[PDB]
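Asks: Have a look at this one before I ask anything.
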Amino acid sequence: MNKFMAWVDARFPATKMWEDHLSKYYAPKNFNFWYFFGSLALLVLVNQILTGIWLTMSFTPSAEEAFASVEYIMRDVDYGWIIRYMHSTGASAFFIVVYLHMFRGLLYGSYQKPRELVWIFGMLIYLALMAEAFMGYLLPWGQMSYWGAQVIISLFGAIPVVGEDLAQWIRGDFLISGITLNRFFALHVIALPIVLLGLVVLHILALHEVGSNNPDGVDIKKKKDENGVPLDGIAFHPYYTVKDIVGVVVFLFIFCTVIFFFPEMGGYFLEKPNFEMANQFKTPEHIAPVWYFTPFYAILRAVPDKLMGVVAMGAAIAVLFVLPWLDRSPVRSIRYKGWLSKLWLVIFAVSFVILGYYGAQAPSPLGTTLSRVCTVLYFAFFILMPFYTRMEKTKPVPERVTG
Amino acid sequence: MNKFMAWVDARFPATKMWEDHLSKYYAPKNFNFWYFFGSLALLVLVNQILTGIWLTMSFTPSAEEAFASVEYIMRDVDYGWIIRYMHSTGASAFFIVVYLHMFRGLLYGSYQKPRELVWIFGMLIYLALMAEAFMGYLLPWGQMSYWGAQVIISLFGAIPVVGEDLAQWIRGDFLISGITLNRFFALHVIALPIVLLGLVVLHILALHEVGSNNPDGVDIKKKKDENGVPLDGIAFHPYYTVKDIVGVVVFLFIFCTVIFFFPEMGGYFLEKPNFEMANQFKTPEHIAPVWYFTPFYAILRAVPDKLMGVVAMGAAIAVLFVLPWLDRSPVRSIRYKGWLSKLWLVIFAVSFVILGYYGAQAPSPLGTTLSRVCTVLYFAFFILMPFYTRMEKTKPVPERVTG
Amino acid sequence: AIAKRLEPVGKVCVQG
Amino acid sequence: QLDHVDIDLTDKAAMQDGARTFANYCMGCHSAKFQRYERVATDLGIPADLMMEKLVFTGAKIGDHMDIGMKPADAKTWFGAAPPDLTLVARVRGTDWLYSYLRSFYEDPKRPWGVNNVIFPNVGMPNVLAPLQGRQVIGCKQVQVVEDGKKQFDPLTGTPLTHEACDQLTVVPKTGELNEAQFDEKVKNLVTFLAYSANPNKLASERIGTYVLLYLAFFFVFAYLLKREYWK
Amino acid sequence: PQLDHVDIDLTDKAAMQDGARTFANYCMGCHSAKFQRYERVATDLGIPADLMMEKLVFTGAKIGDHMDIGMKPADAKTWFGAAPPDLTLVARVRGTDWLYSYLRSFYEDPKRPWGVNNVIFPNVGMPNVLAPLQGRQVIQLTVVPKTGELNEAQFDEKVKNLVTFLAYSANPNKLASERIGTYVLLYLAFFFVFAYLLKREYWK
Amino acid sequence: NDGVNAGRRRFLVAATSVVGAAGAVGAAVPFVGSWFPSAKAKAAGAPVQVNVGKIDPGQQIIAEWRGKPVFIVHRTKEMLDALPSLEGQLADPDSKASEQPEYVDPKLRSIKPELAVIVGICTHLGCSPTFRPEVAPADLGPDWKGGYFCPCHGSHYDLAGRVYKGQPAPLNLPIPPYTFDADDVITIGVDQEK
Ligand SMILES: COC1=C(OC)C(=O)C(C/C=C(\C)CC/C=C(\C)CC/C=C(\C)CC/C=C(\C)CC/C=C(\C)CC/C=C(\C)CC/C=C(/C)CC/C=C(\C)CC/C=C(\C)CCC=C(C)C)=C(C)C1=O
Ligand SMILES: COC1=C(OC)C(=O)C(C/C=C(\C)CC/C=C(\C)CC/C=C(\C)CC/C=C(\C)CC/C=C(\C)CC/C=C(\C)CC/C=C(/C)CC/C=C(\C)CC/C=C(\C)CCC=C(C)C)=C(C)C1=O
Ligand SMILES: COC[C@@H](CCO[C@H]1CC[C@@]2(C)C(=CC[C@H]3[C@@H]4C[C@@H]5O[C@]6(CC[C@@H](C)CO6)[C@@H](C)[C@@H]5[C@@]4(C)CC[C@@H]32)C1)CO[C@@H]1O[C@H](CO)[C@@H](O[C@H]2O[C@H](CO)[C@@H](O)[C@H](O)[C@H]2O)[C@H](O)[C@H]1O
Ligand code: HEC
Ligand code: HEC
Ligand code: HEM
Ligand code: HEM
Ligand code: HEM
Ligand code: HEM
Ligand code: FES
């Protein structure tokens, strides 16, 4: 209503925010498949929050009842199995969407100036997401849950001096137990969700401060019409809102297909050994991380030394933070970067996929050799970026976006 | 750093937000004792979130272990007793501070135009706080907890047709059980904390959009210096930040005194029968609400009919929502309102306190009569406001804040 | 049909 | 090497026979404690009174979980390994693994219980279905001849062409109630019931997902039209 | 009913030890203290762990175990008509004065199932388990002479020590709380002066 | 953009919004449905056999029936004579609007006068009232003749379970379906033979 909105606008900047962030907010008109994943990440975060709130209505964060409570959700709670599968598939889809989001950032140089803070907030979001998923995977209290938590927290025992004390303090016990379960449940259900929501708010605010990149890397703000609107810019609402609605429907089709027909996804979204209750005295023949942690695992497994392996695994994630300063290309988009940048992006993607694929299996000779090679390539993609971004010859970026 | 802040400001609205909300945001300079309580409410909300997160690391939301897990916090968890006392005394202090905040609003007409949205968001915050505190009080699973949950959920049973079905659906069971406990734990620990954070953000945003009232009710924006700064305005940072620091220290002194010397507060912060495990078959001989819920309970106890009592309680809270439109006074502050407004505000305060005092004890003849009289006075304060705010003669509001 | 399908394995011979 | 089994979760009779087998030969040591008798009866189409009379041996109620008297610690002490809860064993191991495991027990005097398992070597489980299967041994029997996947059947009779192999699971004749096919069907029904127990929402999941996907295709049509239009 | 005031001293280790002895011998038969551990009771009462295990742990439990008992609540509720509540928090549920008056107010009432009634807790389901010590108390309450091991003063001390242990059991953090609270309040008074001065400096 | 086709845009927006709202309702169905009583809640309860021969005069015992407390009170004579004297203070003296077995006395609300079996849950917001058999307590007034007093909002019932007038409780305390298996043994949960 006109009068109601006039009353609100005098007392709340509703119309002002709407015209500053969604309408009258002109994003590049050449977004492609790779720009669906921010909105899909928001959708998956909302799905995780809702389904987690509902699982918490029935979950028991105790070592004696966690697994039994999960089965109670799966069988006794009306549609509880739907909510649980939504949550597990939503964690896996959160990591799928976020990895594709980060790979878009890599492809189109979206981390470069002025979006360095956007990239840093996104990486903080990624760290929070990894912590959240790790602590959630302990909640079912299956064999995989318990033993993956055991190994991951023993990693903190690799710190030379304070490692063992730090690991014990994190566990809250001399081993992984119900104390660790309840603690990780509290962190996973409130603390990290709050941190993630705040980080997402900061991320979107920084983006809207500096504006979106585009597949061509063209700074659309340079060319503006008489009204001040970029020539290659269109209002986010309604054009990209409807585009993101279509993307959300497609994502929901895939998401519901997985939920209702293949919730386990061949044992990758719901690992088979995790359907057995945690046993402190019998460890699985082969213990592997959830798929979305597998690459870094491979890196850690590729290093013969324990402390060096932990340091390398941490650096594999920390280097993405400095990525904005590693890239010295005069152009943003891979479309106009030299052959070296394209080759190294291909190498990095292949190495990441191979690291994930070989970290999901028991160690093998070819697997170990390829994991070490891919660790070298993964770190070289970043370490050599400041050099091969300068050595290459880049194409001239068009004044107007293509399409 | 200058260079670091220049880098951030080109990528984040850091300095602009700081200078729009905290610095260069000119609040009236005549804030008194009654204006400490917004910052104190913020502090108590932060304390509740932090202490509740730490309690959730050791709480077991099951009927079998909730009471035992609370005692585990009190006895086995290092400093867990401190955290639990901070949490319970912080709930009590949250309602103390919020009630004083609402009474400041009543005194100085801070609900009046243009702050109707501020008041409505505050009332939504108060509803969320009532729900949050009620659901938290069920979690210990004491006798108080169980029987208060039983009564309050059966309130929905008063609805003539869908009442019983709605109450059963809210319970998740045919009686208050571990299902209700776990569901309320989920709502208390995530859903309502998120809703409260959002509502607090909206509340503060509305306040900053319309600006803060002052004890004199003087619209300081009318008179401005050549720089556009109100004559009676001072930057909120640093002056009111330091004033709020002093208020926070005083509040912390009282809060810690209660925590470490009087955590029960004579059985009003931690109720004595709630130290007994919940018994479905034994109802405590004195089943009374927490003190901050007593005034409304009294209202419900004062009405002989079940459904009318439930409606009267609902209407006791709902009437505060429409307060911005009940007050037709030409002046905001009680300092310049007529004798009728002052008398009726005194009547409302006395009636609220008397309802809370008699709602805190078992039914009595004088108690019942005074509850019934104060129930009619509480409602008359609102129902007669549109009349006695016009009948009364108001003093002229000064052009400058007095002090 | 279901009852025959669900007959317990252990058969006990009882006096009378 | 596992043996494939085509498990039909819509077969109520097979699931009923599997539930009977589980209640009689299996719940002595194994629990199904994440699963209630009431839900099992409802999903298998067993009347509640019939479920009470025929499958509930522990004095539990219809709505009670399929708990057993054997405690995990006691059974771990007695057998050397705790008999795991079997509600989700179909998801933990898969139906093919269970089908091959329950048919792969063979006499092995070197072992504590006189038996070993091809699928689960040195398993701590006694061969509790020996009365049905009969004595199974690692002996010499006729196996279909295969040469690089060149599998020979009899063109006329359609039965396999076989040669003797001396490291095969052979059931000693006239040692068990059921022949090879009958024990195969018994194990198939048992594994079908276990598959149902692990995933009791499978059929409802498929139905609900079909409807959800139909709705999402409809909504996609509308959203795609609202997008391509409004992008002109 | 009218209660008798008792001054409970939670720093009296000897009194709390005597109360713990009385609780373990006369009270843990039907009542659990399942929310506290033998180890913490020993630590707070100054009882060595070996001495605690030898003298106060009768159930075969470990020092770090909760003070559980064999009598299950359902069985006790059936037998007595009411379940003997866990007494770990009873000093907070009822207060030390109520406990002191209740444990001394048992008198003989043949109309009751256990032949006793209580002035503080009329028609209570508790048998008078301290009758051997107090003696035969009959109705104003008077103890029949030469019927109990202890006199009125000696029995009051026994009840006072027991109530003192119950008072400690309900609130094992009270002494540590008053110690920590003193320093927290001292710091906050120290911090207030700096905050107050800082505010005064800016508001000139 | 050249000549946007309105109506088509309006129709598509409206249709997409309606279909999305239907999908939102469907996606809400799991969350709303999970709040109905689960299989854990639906365990129900079996009838409870209570020996009532040991209840002393003017006393009451609690029986746990289907998760609820049942007051089984052995009523002495004096309170039975007093009960008819209270009919002027009771909203439903004849139990016309309350819930009780068809075979219990409309006024005494029990199979036999000397024993009353009452579902001990207050009919206003559902809490077990405190049993107050005393004649004239100071707190309950001089007109009291024994009965029940809800400690939540002070709901007076007489010893037959009948609610007094002007009370938060609108109905008499429910009488459970119970029988007398023996002169001193009742069963709560099974109706009595006709
Ligand atoms: C097989 O195996 C393996 C796998 O697995 C299967 C794997 O996957 C992997 C691969 C691993 C991965 C890639 C997974 C990665 C997963 C992770 C990153 C998970 C890591 C998560 C953890 C282990 C959690 C660790 C958590 C830590 C260390 C952080 C701890 C944080 C705390 C405890 C917080 C501290 C609390 C505080 C400070 C309280 C707040 C204090 C206050 C002051 C509050 C405010 C108080 C007041 C206001 C009062 C005082 C008043 C003041 C200040 C005065 C002034 C007043 C004012 C208010 C102004 C590997 C290698 C592996 O091999
Ligand atoms: C003596 O005793 C007494 C006391 O005590 C001791 C007392 O104190 C009192 C005094 C009483 C008081 C004063 C206490 C008062 C306290 C209270 C008010 C507490 C009351 C609290 C409750 C009982 C809780 C009640 C809760 C209710 C009824 C609300 C329930 C809410 C839900 C279940 C949530 C609903 C869930 C939904 C809808 C899920 C979200 C749905 C979606 C659609 C999610 C989104 C899905 C998608 C995106 C997928 C579909 C995709 C779409 C839409 C397509 C398009 C795509 C896009 C994304 C655009 C008294 C009287 C007393 O005498
Ligand atoms: C039956 O009246 C009760 C009192 C007088 C009753 O005063 C009234 C005082 C006012 C008040 C609080 C009352 C009702 C509705 C209240 C309003 C609803 C609306 O809501 C709001 C919000 C919602 C909006 C939609 C509308 O507006 C408001 C602005 C409005 C409102 C909140 C304002 C105030 C209203 C009670 C007289 O009590 C007698 O005394 C005994 C009572 O128990 C009964 O005696 C029997 O039972 C005894 C057991 O104790 C035995 O002692 C006896 O032996 C045995 O005979 C006897 O029957 C009974 O009459
Ligand atoms: C129906 C006759 C039965 C089926 C089907 C299964 N069991 Fe048992 N079982 C028993 C023990 C002591 C073990 C542990 C052995 C070890 O860990 O080495 C087992 C194990 C299994 C397994 C393996 C599950 C896994 O995740 O590895 C399956 C699939 C299994 N059992 C199915 C003991 C007993 C027992 C006591 C005499 C009985 C009657 C049964 N098992 C019956 C069945
Ligand atoms: C079995 C013979 C008992 C022994 C020995 C002791 N107690 Fe007891 N206690 C018992 C019962 C059956 C009950 C319930 C009575 C009822 O009508 O509800 C109780 C109760 C108490 C209480 C009341 C606590 C409360 O109401 O909140 C107290 C304070 C208590 N018991 C204390 C107590 C002490 C100090 C004992 C050792 C001296 C003791 N009890 C022994 C059963 C038995
Ligand atoms: C980024 C957001 C989140 C992610 C990535 C995430 C991830 C996960 C994962 C991977 C699991 C293991 C599921 C399984 O294998 O069974 C899990 C479990 C769980 N999560 Fe989270 N989660 C998120 C947010 C939340 C929130 C906000 C809540 C509650 C408010 C929550 C509550 C739970 C509960 C109760 C469980 C245990 C039940 C179960 O395992 O299904 N989660 N989570
Ligand atoms: C996990 C939850 C996340 C959410 C909800 C989220 C949300 C969004 C949204 C809505 C956008 C705008 C639309 C789009 O560009 O797709 C965006 C852009 C962006 N995101 Fe994310 N994001 C998340 C995580 C991340 C992570 C992990 C990274 C990188 C490490 C990242 C980096 C970026 C960058 C650089 C941009 C802007 C680049 C450009 O304009 O092309 N985000 N984010
Ligand atoms: C419970 C958490 C709450 C928080 C954290 C909060 C926060 C604040 C803050 C920081 C202020 C400005 C400083 C001050 O006035 O002290 C404020 C002002 C105000 N609040 Fe709230 N508030 C809360 C609840 C409420 C409630 C329950 C109401 C009313 C029902 C309310 C109504 C108002 C009004 C009317 C003002 C403007 C006062 C004026 O301008 O004089 N707030 N609030
Ligand atoms: C406005 C915010 C909140 C209020 C007013 C509030 C209020 C309460 C109250 C009154 C209790 C009863 C405590 C007792 O009687 O012992 C309670 C219990 C509890 N609360 Fe909250 N709460 C809030 C937020 C939270 C949050 C955000 C969490 C978790 C992140 C939380 C976790 C808990 C837990 C675990 C308990 C049970 C343990 C205990 O009773 O100490 N609370 N809450
Ligand atoms: S609970 Fe009985 S009057 Fe409210």
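Protein sequence lines, in the order shown, are assigned to chains I, D, L, J, M and Z.
For the first sequence, counting from 1, position 196 maps to 196 in PDB author numbering; every step adds exactly one.
For the second sequence, counting from 1, position 285 maps to 285 in PDB author numbering; every step adds exactly one.
For the third sequence, counting from 1, position 5 maps to 28 in PDB author numbering; every step adds exactly one.
For the fourth sequence, counting from 1, position 122 maps to 147 in PDB author numbering; every step adds exactly one.
Numbered according to PDB author numbering, the fifth sequence spans residues 25 to 163, 193 to 257.
For the sixth sequence, counting from 1, position 135 maps to 137 in PDB author numbering; every step adds exactly one.
For each residue, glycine too, the CB sits at the ideal point set by N, CA and C.
Determine the closest residue to I/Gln150 out of I/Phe281, I/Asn2, I/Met5, I/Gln361, with distance taken between C-alpha atoms.
Replies: Ranking I/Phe281, I/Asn2, I/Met5, I/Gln361 by Cα distance to I/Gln150 puts I/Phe281 first.
Asks: According to DSSP, simplified to helix, strand and coil, what is J/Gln26?
Replies: Note: J/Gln26 maps to coil in three-state DSSP.
Asks: What do you reckon, are the CB atoms on D/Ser23 and D/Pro263 nearer than 8 Å?
Replies: Taking 8 Å as the Cβ cut-off, D/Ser23 and D/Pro263 do not qualify as a contacting pair.
Asks: What does a CB cutoff of less than 8 Å around M/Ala44 pick up in its chain, not counting 5 residues either side in sequence?
Replies: Around M/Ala44: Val65, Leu69, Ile71, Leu80, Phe218.
Asks: Less than 8 Å between CB atoms is the rule here; does L/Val32 satisfy it with respect to chain J?
Replies: Yes, L/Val32 lies at the interface with chain J (some Cβ there is under 8 Å from its Cβ).
Asks: Pull the bridge partners of J/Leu194 from the DSSP assignment, please.
Replies: Its beta-bridge partners are J/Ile163.
Asks: Taking contact to mean 3 or more Cβ pairs, one atom from each stretch, closer than 8 Å, check whether the stretch 300-316 of chain I and the stretch 101-118 of chain I are in contact.
Replies: No, the stretch 300-316 of chain I does not touch the stretch 101-118 of chain I.
Asks: For D/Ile49, name the three-state secondary structure that DSSP assigns.
Replies: Here D/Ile49 sits in helix by DSSP.
Asks: Pull up the distance between the alpha-carbon of M/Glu254 and that of D/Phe31, whole angstroms please.
Replies: Cα to Cα, M/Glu254 sits roughly 17 Å from D/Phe31.
Asks: By the DSSP assignment, the beta strand (DSSP E) with Z/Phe133 in it spans what residues?
Replies: Where Z/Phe133 is concerned, the enclosing beta strand (DSSP E) stretches over 132-134.
Asks: Can you tell me whether D/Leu366 is buried or exposed, with buried defined as 16 or more other CB within 10 angstroms of its CB?
Replies: Burial call: exposed.
Asks: Using only CA atoms, which one of Z/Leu117, Z/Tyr105, Z/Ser19, Z/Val20 lies nearest to Z/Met81?
Replies: Of the listed residues, the one whose Cα sits closest to Z/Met81 is Z/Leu117.
Asks: If you measure between the beta carbons of D/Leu43 and D/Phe253, is that distance less than 8 Å?
Replies: Cβ atoms of D/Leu43 and D/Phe253: not closer than 8 Å.
Asks: Per DSSP, which one or two residues make a beta bridge with I/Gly142?
Replies: DSSP lists I/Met277 as partners of I/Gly142.
Asks: Mind checking whether D/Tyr137 and D/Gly122 have CB atoms under 8 Å apart?
Replies: Not a contact, by the Cβ cut-off of 8 Å.
Asks: Could you check if Z/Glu89 is buried or exposed, using at least 16 other CB atoms within 10 Å of its CB as the buried criterion?
Replies: Exposed, since its Cβ has fewer than 16 Cβ neighbours within 10 Å.
Asks: Any C-beta of chain Z within less than 8 Å: which residues of the stretch 212-235 of chain J qualify?
Replies: Result list empty, no residue passes.
Asks: Considering only the beta carbon of each residue, do M/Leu113 and M/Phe59 sit closer than 8 Å?
Replies: Taking 8 Å as the Cβ cut-off, M/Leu113 and M/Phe59 qualify as a contacting pair.
Asks: Which two residues bound the contiguous beta strand (DSSP E) that contains Z/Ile120?
Replies: Z/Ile120 -> beta strand (DSSP E) spans 117-121.
Asks: Using DSSP with H/G/I as helix, E/B as strand and the rest coil, what is M/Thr200?
Replies: The answer is coil: DSSP assigns M/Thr200 none of H, G, I, E or B.
Asks: Using the three-state DSSP reduction, which class does D/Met17 fall into: helix, strand or coil?
Replies: Residue state, collapsed to three classes: helix.
Asks: Please report whether the beta-carbon of M/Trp103 lies at a distance below 8 Å from any beta-carbon of chain D.
Replies: Taking Cβ atoms only, chain D never reaches closer than 8 Å to M/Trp103, which makes this a no.
Asks: Short of 7 Å in beta carbon distance, which residues of its chain neighbour M/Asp121, apart from the five on each side in sequence? Order them along the chain.
Replies: Excluding residues within five positions, the ones whose Cβ falls inside 7 Å are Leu27, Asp28, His29, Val30.
Asks: Does any residue of chain I have a CB that is nearer than 8 Å to the CB of Z/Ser36?
Replies: Interface residue, yes.
Asks: Is there a C-beta anywhere in chain D that falls below 8 Å from the one on Z/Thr78?
Replies: Chain D, which has no Cβ nearer than 8 Å to the Cβ of Z/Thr78, makes this no.
Asks: Under 9 Å between beta-carbons, which chain M residues line up against D/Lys243? List them in chain order, please.
Replies: Simply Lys252, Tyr255, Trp256.
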